[PDB]
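These notes concern the structure reproduced below.
Quick reminder, even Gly has a Cβ in these numbers, built from the backbone with ideal geometry, and neighbours come from all protein chains shown. What follows draws every value from the coordinates through simple rules; no lab data is involved.
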Amino acid sequence: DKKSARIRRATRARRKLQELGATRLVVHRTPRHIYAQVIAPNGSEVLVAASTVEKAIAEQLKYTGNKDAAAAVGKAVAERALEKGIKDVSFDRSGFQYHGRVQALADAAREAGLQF
Amino acid sequence: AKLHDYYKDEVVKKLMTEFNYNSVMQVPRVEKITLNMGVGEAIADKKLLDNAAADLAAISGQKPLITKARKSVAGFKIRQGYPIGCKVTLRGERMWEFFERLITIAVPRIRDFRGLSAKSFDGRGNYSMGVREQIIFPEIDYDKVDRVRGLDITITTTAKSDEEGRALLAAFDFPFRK
Amino acid sequence: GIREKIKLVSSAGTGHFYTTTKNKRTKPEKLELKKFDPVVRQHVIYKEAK
Amino acid sequence: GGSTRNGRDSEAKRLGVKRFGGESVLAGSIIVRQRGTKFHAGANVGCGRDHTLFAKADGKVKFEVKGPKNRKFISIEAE
Amino acid sequence: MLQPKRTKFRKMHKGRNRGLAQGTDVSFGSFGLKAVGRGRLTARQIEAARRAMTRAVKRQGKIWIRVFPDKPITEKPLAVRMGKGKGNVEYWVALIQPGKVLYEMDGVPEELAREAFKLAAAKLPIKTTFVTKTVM
RNA sequence: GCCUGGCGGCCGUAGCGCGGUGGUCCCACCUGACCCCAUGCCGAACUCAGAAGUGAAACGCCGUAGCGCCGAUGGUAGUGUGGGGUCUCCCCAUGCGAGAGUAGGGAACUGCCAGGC
RNA sequence: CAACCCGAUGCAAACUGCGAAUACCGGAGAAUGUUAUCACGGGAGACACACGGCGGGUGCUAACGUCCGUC
RNA sequence: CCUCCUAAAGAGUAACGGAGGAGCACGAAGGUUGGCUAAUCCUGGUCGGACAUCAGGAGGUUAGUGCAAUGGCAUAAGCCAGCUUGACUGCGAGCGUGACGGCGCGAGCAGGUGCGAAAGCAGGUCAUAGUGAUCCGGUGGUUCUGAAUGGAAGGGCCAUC
Ligand SMILES: [Mg+2]
Ligand SMILES: [Mg+2]
Ligand SMILES: [Mg+2]
Ligand SMILES: [Mg+2]
Ligand SMILES: [Mg+2]
Ligand SMILES: [Mg+2]
Ligand SMILES: [Mg+2]
Ligand SMILES: [Mg+2]
């Protein structure tokens, strides 16, 4: 399963993030969508979230997962996780080669204000 | 994709009824030709390897992958590394275009070909037959080559059974033997 | 053995140097790799290595 | 005749069984030649070259068993 | 005339027994010999008994040997000082304990099997007895 | 509450097999590929722009106990202190008491966020 | 002639998909114990042990044998 | 000197007890980033047969690990590649282990490196063998000392043979 492979790729840093116990910003990707969420250290409860699967964002969006489209997703979780008083977090490309959409959005949340 | 379209057209449906399939997304699709040609030898010459490669580089529009050993525990010789082959699978377009290249001009350019194996298949439903000798087909020149050639070719289809493997190719122009 | 000792000298005028071994029997190329020079308290290019 | 010889002491074992005073970095377990026998977890980690279960910040020792496939794992919560 | 074809090690420690074996009841024939006593068979005894066993049943029936030597057991030469390296494997013993199942018969009348294992225990250190198949 | 995805708890009574099953929500394949990026050959994988189609594969469910796995009560082995018989072994008092096997269990349970009905 | 595999049966100091007693380490508590404990300093002697019990190597599960652990 | 058993489930224990190894090797076989994952069997394939390369299926750490054995390893330590020099200098909370000399583990701090988008990782190698105290000298550095004074010889200190 091509999925089972991507998992182990991130199972590494995903453990490193645990090691430091830092609020990580997970970012799952899919052919038709781009998700995002800032889970707490305990890795059980998520503090914030913003994915293209939400009308509010989808509307203003042309096509879900179009880079410039998979960007606002980040800019969203960014402020969304800032008005929450959240800042300075760790990014977890969750196995996704930091280069495409995941590469973006990160700069979005980065530019938006998020510290990472 | 010339033959590629034919699949979606004549084929697919032919199987959809003959094999009575329920979903068009089931019909045994053609999953890339592989091509290998385990030249081997090397030691003696070592240059015939890149030769068998350049030859494949012609037979196919892609770049040959001069493979190495693996077990090393070979009577012949071989020590972990050491060149010994050049698989070179097929790429979608080039693949079908190839499936066209042969069966229409390769298999046709015989030596005495009086039928093709109807059991070169596997258990899953994939066929793989050796040409016995490179028919000199559209390769870097003809009478300009070297000591024979020969090689192997495998289709490998999503066929859930060797039987279904027969349907495929059969819907195409696989000469076969009957 | 066959592993002679080498003395990586600093490119700087400082007489500081590092020590290690090398197998000149197969690695004739004089080794260099840059290290820290305590004297100048700044990294630099160390040389000398059979 | 050949038969004889043998290594020396080479202690290696648990020197901080269960909760302890756990100073800035006692040992908790120096059972070298391991990673799974004792895994670096919690406030404690390190796991020096010789696979020695470090043990950071002062506190008590836990000695647990988590994650897929047994896996001992040691750590030092607060006291 | 029955020893292991291979052994990862040449010598085994002296050690000792602790009664009660595992092969309590028969599970191949329907009779066989029982332990009753703790000991060890020089492997040569098990064969010496087997021969007497076989050559009595004439041929009829089948036989089994749930016991095996596998144990080295060394010996030190005569006129030779002490403590100078472990002795040399002279024979092979088969550690057995009470309840141990030595042999087993089936294709032969119990009247024979019985009067056959007797002509066997005659060539054995441990005091054995007779046993049946038993439904359980 | 029904279904789905992301992240964890706990790690086999949570797994495997076999049968059934879900869809253009989600996911999956899937399309296209000059390009971003990628192939020691391949757009297979990674990567991007995205139809048309289908749940086929995978995945997720549901059922099923054939293979795992959990697993007593009782008895058995061992053993600490005290005593006893004794050829290297064992017995008694009294605390602790397995392993295997049997009865049986068993086709996971559970939290956070999000999206569909 | 036979390995591999399958079911039924055993063996292991240098086998373990299980697993005690128990020793040991740490925490809390009562009682008892002329501090039994730890540290430093003046004086030492002693580094040939022996037997018996238990767990063992070795020896022949021989020796008022031999080499360890422990009482 | 290292490994396993002996060794009675902490450490440690003896024998002219039972079995093996070390006196090195690597400028990459170190560092980091990125990616990969076997052995073996079955089946089907030009020369390819017991045993090369290829395709699938079963299989699942039975492979591999620079060299013994034990423990470990998939987040791989196992494998491939890019770029590199942290096999850096000064220190070091706190521990482990020794009669001692001494040996080992070590987060964190200061200066400068490297690799990465980043979190972060790197003070040599998966770890445990690969070793020789002192003295007497050799070499480089240093304005420490230098027998009336200025130098110098010599001495000290640091690096090293
Ligand atoms: Mg003990
Ligand atoms: Mg003395
Ligand atoms: Mg003495
Ligand atoms: Mg004594
Ligand atoms: Mg005596
Ligand atoms: Mg011990
Ligand atoms: Mg073959
Ligand atoms: Mg090593």
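If you take the alpha carbon atoms of the stretch E:1-66 and fit the smallest convex hull around them, that volume is 137 Å³ per residue. Between A:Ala58 and E:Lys127, the modelled label-to-label distance comes to 9.0 nm, taking each label 7 Å out from Cα in the direction of the beta carbon. Between B:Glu133 and C:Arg25, the FRET efficiency estimated from the beta carbon spacing at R0 = 56 angstrom works out to 0.70. Here the Karplus curve 6.51 cos²θ - 1.76 cosθ + 1.60, taken at θ = phi - 60°, turns the phi angles of the stretch B:99-108 into couplings of 3, 8, 2, 9, 6, 10, 8, 7, 3, x Hz, with x standing for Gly and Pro. So what does the Cα-only Debye profile of the stretch E:21-136 read at q = 0.09, 0.11 Å⁻¹, as log10 I(q)/I(0), no solvent term? So the normalised log intensities work out to -0.28, -0.40. Each of C:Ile6, D:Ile76, B:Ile110 was scored by other Cβ atoms within 10 Å of its Cβ. Arranged with the fewest first, they read B:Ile110, C:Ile6, D:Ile76. Counting Cα-Cα pairs of chain B in 10 Å increments starting at 0 gives whole-percent bin shares of 9, 34, 32, 18, 6, 0. For the stretch E:56-72, putting each phi into the Karplus relation 6.51 cos²θ - 1.76 cosθ + 1.60 with θ = phi - 60° gives couplings of 5, 7, 6, 4, 2, x, 10, 10, 9, 9, 6, 10, 9, x, 6, 9, x Hz, in residue order, rounded to whole numbers and with x for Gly and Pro. Net charge dipole, chain D: roughly 440 debye, given to the nearest 20, about the Cα centre with Cβ charges of +1 for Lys and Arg and -1 for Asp and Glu. Roughly speaking, what is the centre-to-centre gap between the stretch B:1-63 and the stretch E:1-60 when only Cα atoms are used, to the nearest Å? Cα centres, the stretch B:1-63 to the stretch E:1-60: 65 Å. Derived scalar couplings between HN and Hα for the stretch D:47-54 equal 6, x, 2, 6, 6, 8, 4, 2 Hz in order, rounded to whole Hz, by the Karplus curve 6.51 cos²θ - 1.76 cosθ + 1.60 (θ = phi - 60°), x for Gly and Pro. In this structure, the amide hydrogen of B:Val30, modeled 1.01 Å from its nitrogen in the peptide plane, lies closer than 5 angstrom to no residue at least 5 positions away or on a different chain. Cross-link reach is defined here as a Cα-Cα straight distance under 17 Å, omitting same-chain residues fewer than 8 places apart; for D:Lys62 the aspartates and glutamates meeting it are A:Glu19, D:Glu23, D:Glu77, D:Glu79.
Each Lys or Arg adds one and each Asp or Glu takes one away; over the other residues whose Cβ falls under 11 Å from the Cβ of B:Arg91, this sums to +1. For the pair E:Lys86 and B:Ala74, label points projected 7 Å from Cα toward Cβ lie 4.5 nm apart.
Of the chymotrypsin sites (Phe, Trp or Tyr not before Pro) found in the stretch A:35-102, the ones in coil according to DSSP and having at most 12 other Cβ atoms within 10 Å of their Cβ are A:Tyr63, A:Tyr98.
Less than 5 angstrom separates the built amide H of E:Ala94 from those of E:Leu41, E:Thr42, E:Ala43, all sequence-distant by 5 or more or on a different chain. About its Cα centre, the dipole of the protein assembly as shown is roughly 3640 debye, where the only charges are +1 on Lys and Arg Cβ and -1 on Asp and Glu Cβ. Over chain A, the pair-distance histogram of Cα-Cα distances with 5 Å bins from zero comes to 2, 12, 23, 25, 21, 11, 4, 1 percent, rounded to whole numbers.
Checking the a/c ratio against 1.5 first, then a/b against b/c, what shape does the Cα gyration tensor give for the stretch A:1-66? Write down the numbers at each step before the final one.
Numbers: a/c = 3.42, a/b = 1.48, b/c = 2.31.
It comes out oblate by the Cα gyration axes.
In the structure shown, the pairs C:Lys24/C:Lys47; B:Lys32/B:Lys160; B:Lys47/C:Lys27; E:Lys5/E:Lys62 are assessed against 20 Å; a Cα-Cα span above that value is assigned to B:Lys47/C:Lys27; E:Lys5/E:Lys62. Shown here: chain D, whose C-alpha atoms stretch 56, 30, 20 Å along the first, second and third principal axes, sorted largest to smallest.
In the frame of its principal axes, the stretch B:1-76 has Cα extents of 54, 29, 15 Å, reported largest first.
The fraction of Cα-Cα pairs per 20 angstrom bin, counted from 0 for the protein assembly as shown, comes to 12, 19, 32, 30, 7, 0 percent, rounded to whole percents. As a proxy for reagent exposure, E:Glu111, B:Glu41 were ordered by neighbouring Cβ count within 10 angstrom, fewest first; the result is E:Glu111, B:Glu41. Set the Förster distance to 45 Å, then compute FRET efficiency between B:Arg177 and A:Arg9 from the Cβ-Cβ distance, nearest 0.05. With a Förster radius of 45 Å, E is 0.40. Among B:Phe113, B:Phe19, B:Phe76, whose mean-square fluctuation peaks in a Gaussian network model of chain B (Cα, cutoff 10 Å)? Comparing B:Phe113, B:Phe19, B:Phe76 in a Gaussian network model of chain B, the most mobile one is B:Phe76. Once you reduce the stretch A:25-41 and the stretch A:84-109 to the center of their Cα atoms, the two points are 9 Å from each other. Which part of the stretch C:9-25 falls in the paramagnetic zone of C:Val39, meaning amide N under 19 Å from the point 7 Å along Cα-to-beta-carbon? Output list for this probe position: C:9-20.
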